[PDB]
Protein chains: 2
Amino acid sequence: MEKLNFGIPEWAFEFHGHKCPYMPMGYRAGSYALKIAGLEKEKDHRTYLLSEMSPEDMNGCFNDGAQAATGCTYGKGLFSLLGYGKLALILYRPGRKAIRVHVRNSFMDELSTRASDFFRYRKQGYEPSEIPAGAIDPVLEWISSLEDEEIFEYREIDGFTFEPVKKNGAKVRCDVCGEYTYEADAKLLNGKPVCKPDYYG
Amino acid sequence: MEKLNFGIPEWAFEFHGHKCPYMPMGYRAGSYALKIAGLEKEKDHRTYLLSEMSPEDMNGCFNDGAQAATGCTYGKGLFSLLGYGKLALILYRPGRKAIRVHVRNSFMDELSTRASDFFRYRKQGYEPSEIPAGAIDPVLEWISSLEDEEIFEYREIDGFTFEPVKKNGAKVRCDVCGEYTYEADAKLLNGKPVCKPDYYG
Ligand SMILES: [Zn+2]
Ligand SMILES: [Zn+2]
Ligand SMILES: [Zn+2]
Ligand SMILES: [Zn+2]
Ligand SMILES: [Zn+2]
Ligand SMILES: [Zn+2]
Ligand SMILES: [Zn+2]
Ligand SMILES: [Zn+2]
Ligand SMILES: [Zn+2]
Ligand SMILES: [Zn+2]
């Protein structure tokens with residue numbers, strides 16, 4: 001698709017399912033990383049995107065936006081988390097210096113004020129779909145009015161290296177349940193391929 | 001957005017970036033899991049989706065489709081991989097029996113024949129965007145012509161339990177670099193919060 005809501009494609013909101021400040025921020029961050037790199041969105045498996053967040057962080061919606069803006073998705077094996085707890089992305093394409101993008105602390109301080117209504121709802125436990133548009137639309141409008149430079153900082157990293165997980169497409173029927181199992185995940189039980197649930201159980 | 005290409009929303013293809021058989025299969029699987037469960041797409045953080053694939057499996061594009069169909073995304077903390085190497089999903093909403101959906105081996109055998117052109121290109125190393133439409137469009141048309149029952153099997157699991165990762169939104173300025181760091185990922189160095197890169201380096 002192709003049409004914008006608060007400067008973010010409408011499709012990105014349909015993927016994510018709701019309006020919140022972090023998915024747009026992640027989208028903006030991913031777009032900015034590409035602009036800096038002089039790259040277009042990734043259609044295939046060439047460029048890597050690493051988020052500095054961890055699974056324990058709230059606001060992981062940032063990662064949906066980042067994947068959405070760059071085409072470096074978790075499913076394609078191009079998106080991963082480093083676990084540092086920072087609102088930052090590292091775009092890396094082998095043979096080039098990686099680009100790190102960080103959301104400014106000063107932007108975060110202003111977002112806390114600007115989006116206090118939205119965050120008060122979230123603190124009480126209301127899911128984003130239950131939050132009134134008046135509490136979120138002005139925040140997204142504000143974010144869309146800012147230049148990339150007002151939200152983010154960046155730098156090139158010199159010695160960055162990253163080797164992704166080695167992938168394998170071969171499959172074999174599990175000896176116990178009969179289901180096709182990717183060889184990479186099959187266990188051997190007396191010379192026969194067995195899926196993990198049947199091996200360990 | 002809202003318009004279909006081969007029975008899959010056009011937006012899902014823009015997110016993923018290219019045409020391949022597995023993203024649509026994952027989309028179909030996720031949609032079927034919801035239909036069986038009697039649930040609508042997840043706008044927020046209520047339902048969990050677990051893929052039985054691992055990061056070492058080729059065809060992880062299945063996972064983009066699954067997230068896209070269900071609204072159970074990796075960014076929202078609702079999507080995870082179990083690492084069994086099966087083309088299967090488990091939809092789970094606390095207080096109900098989980099639903100497991102498996103892509104039939106027989107469907108996989110027919111896909112190998114039906115999509116031999118596409119897979120020959122992939123075996124040579126051509127990325128999906130470089131593959132001619134004639135090698136992929138008839139495969140997607142075929143998939144759209146099949147009923148859910150022709151592609152998948154399902155079952156309810158009785159004793160399924162899953163506790164997601166405990167999340168925390170609090171942040172503190174790292175004592176060394178000054179960057180806001182989610183407390184959940186901060187290290188303590190003589191009573192001061194330090195981000196992992198500054199702690200370990
Ligand atoms: Zn969100
Ligand atoms: Zn910074
Ligand atoms: Zn107010
Ligand atoms: Zn609620
Ligand atoms: Zn098995
Ligand atoms: Zn794909
Ligand atoms: Zn089966
Ligand atoms: Zn041919
Ligand atoms: Zn190529
Ligand atoms: Zn630090």
Side-chain angles (χ1 to χ4, degrees), chain A residues 15 17 55 60 63-64 73-75 77 171 173-174 176-182 184-187 194-201, chain B residues 12 22-34 36-108 148-154 156-162 164-167:
Chain A
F15 174 72
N63 302 317
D64 285 348
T73 70
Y74 184 68
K171 312 170 207 206
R173 287 182 186 252
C174 171
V176 177
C177 69
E179 296 185 342
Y180 282 132
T181 305
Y182 283 99
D185 314 306
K187 296 289 285 183
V194 171
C195 73
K196 290 175 191 166
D198 291 322
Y199 180 84
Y200 295 107
Chain B
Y22 287 95
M23 182 285 280
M25 286 161 48
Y27 194 100
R28 286 292 300 276
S31 292
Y32 190 46
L34 293 175
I36 296 157
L39 297 170
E40 296 281 16
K41 171 162 175 173
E42 183 57 43
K43 302 174 180 179
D44 305 298
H45 312 93
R46 320 162 212 282
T47 304
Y48 302 96
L49 187 63
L50 300 93
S51 171
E52 297 195 6
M53 302 186 69
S54 87
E56 290 192 21
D57 301 337
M58 200 78 78
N59 320 307
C61 304
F62 185 84
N63 302 317
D64 285 348
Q67 293 174 69
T70 56
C72 298
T73 70
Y74 184 68
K76 295 192 295 189
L78 303 181
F79 186 75
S80 58
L81 303 184
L82 293 166
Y84 310 153
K86 306 288 188 60
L87 293 169
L89 303 175
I90 298 174
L91 190 66
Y92 172 60
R93 198 176 182 186
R96 299 179 179 186
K97 290 192 182 301
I99 304 304
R100 173 168 190 262
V101 173
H102 185 235
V103 175
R104 295 172 179 275
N105 287 2
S106 63
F107 171 82
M108 296 292 85
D148 291 323
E149 191 275 340
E150 301 183 84
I151 309 171
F152 313 110
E153 298 146 300
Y154 77 91
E156 293 187 53
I157 302 164
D158 298 11
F160 196 81
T161 53
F162 168 77
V165 175
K166 178 177 183 294
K167 295 195 295 180

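Per chain, numbering begins at 1; letters A, B, ... match sequence-line order. Just the heavy atoms: all of them, side chains too, but no hydrogens, waters or symmetry mates, feed the values below.
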Practice item. Evaluate side-chain contact (heavy atoms from CB on, under 4.5 Å) for A:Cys195 paired with A:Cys177, printing each intermediate quantity in order. Key: CA-CA 8 Å; A:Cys195 73; A:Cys177 69; 4.1 Å; yes

Point to revise | Distance-only polar pair, side chains of B:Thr70 and B:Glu42, donor-acceptor under 3.5 Å | key: no

**Study point:** B:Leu89 side, atom CG; B:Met53 side, atom CE - distance, nearest 0.5 Å
**Key:** 10.0 Å

Point to revise | Gap separating the OH atom of A:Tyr182 from the NZ atom of B:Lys86, nearest 0.5 angstrom | key: 12.5 Å

Exercise for review: Might you point out which heavy atoms bring B:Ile90 and B:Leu82 nearest each other, and give the distance in Å?
Suggested key: CD1-CD1, 3.9 Å

Review point. Is B:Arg100 salt-bridged to B:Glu52, cutoff N-O under 4.0 Å?
Key: yes

Exercise for review: Give the minimum heavy-atom separation between B:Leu34 and B:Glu40, together with the two atoms involved.
Suggested key: CD2-O, 3.7 Å

**Study point:** Side-chain donor-acceptor pair present, A:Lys196, B:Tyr84, cut-off under 3.5 Å
**Key:** no

**Study point:** Side-chain H-bond candidate by donor/acceptor type, B:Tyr22 with B:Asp64, under 3.5 Å
**Key:** no

Exercise for review: Please report the shortest heavy-atom distance between B:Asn105 and A:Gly178, naming the atom on each side.
Suggested key: ND2-O, 2.8 Å

**Study point:** Separation of A:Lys171 NZ from B:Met108 CE (nearest 0.5 Å)
**Key:** 6.0 Å

Check your understanding: Which distance, rounded to the nearest 0.5 Å, do you find between the CG of B:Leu50 and the SG of B:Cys72?
Key -> 9.0 Å

Practice item. Indicate the atoms forming the closest heavy-atom contact of B:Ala37 with B:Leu91, along with that distance. Key: CB-CD2, 3.9 Å

Check your understanding: Just by distance, do the side chain of B:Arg28 and the backbone of B:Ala69 share a donor-acceptor pair under 3.5 Å?
Key -> no

Practice item. Would you tell me whether A:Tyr200 and A:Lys187 have side-chain atoms, one donor and one acceptor, within less than 3.5 Å of each other? Key: yes

Point to revise | B:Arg104 CZ to B:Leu87 CG distance, which is reported to the nearest 0.5 Å | key: 14.0 Å

Check your understanding: Where do B:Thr73 and B:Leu78 land on the side-chain contact (heavy atoms from CB on, under 4.5 Å) test, with the steps shown first?
Key -> CA-CA 5 Å; B:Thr73 70; B:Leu78 303 181; 5.8 Å; no

Review point. Any chance NZ of B:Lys43 has more than 12 other-residue heavy atoms, nucleotides or ligands included, within less than 6.0 Å?
Key: no

Review point. Can a cation-pi geometry be assigned to A:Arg173 and A:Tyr180, taking NZ or CZ under 6.0 Å from the six-membered ring centre and within 45° of the ring axis?
Key: yes

Check your understanding: Which of parallel (below 30°), tilted (30 to 60°) and perpendicular (above 60°) describes B:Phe152 and B:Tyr32?
Key -> parallel

Exercise for review: Evaluate side-chain contact (heavy atoms from CB on, under 4.5 Å) for B:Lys41 paired with B:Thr47, printing each intermediate quantity in order.
Suggested key: CA-CA 9 Å; B:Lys41 171 162 175 173; B:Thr47 304; over 6 Å; no

Review point. Do the rings of A:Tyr74 and B:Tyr74 sit parallel, tilted or perpendicular, given the 30° and 60° boundaries?
Key: parallel

Check your understanding: Just how far is it from atom CD of B:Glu149 to atom OH of B:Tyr154, taken to the nearest 0.5 Å?
Key -> 10.0 Å

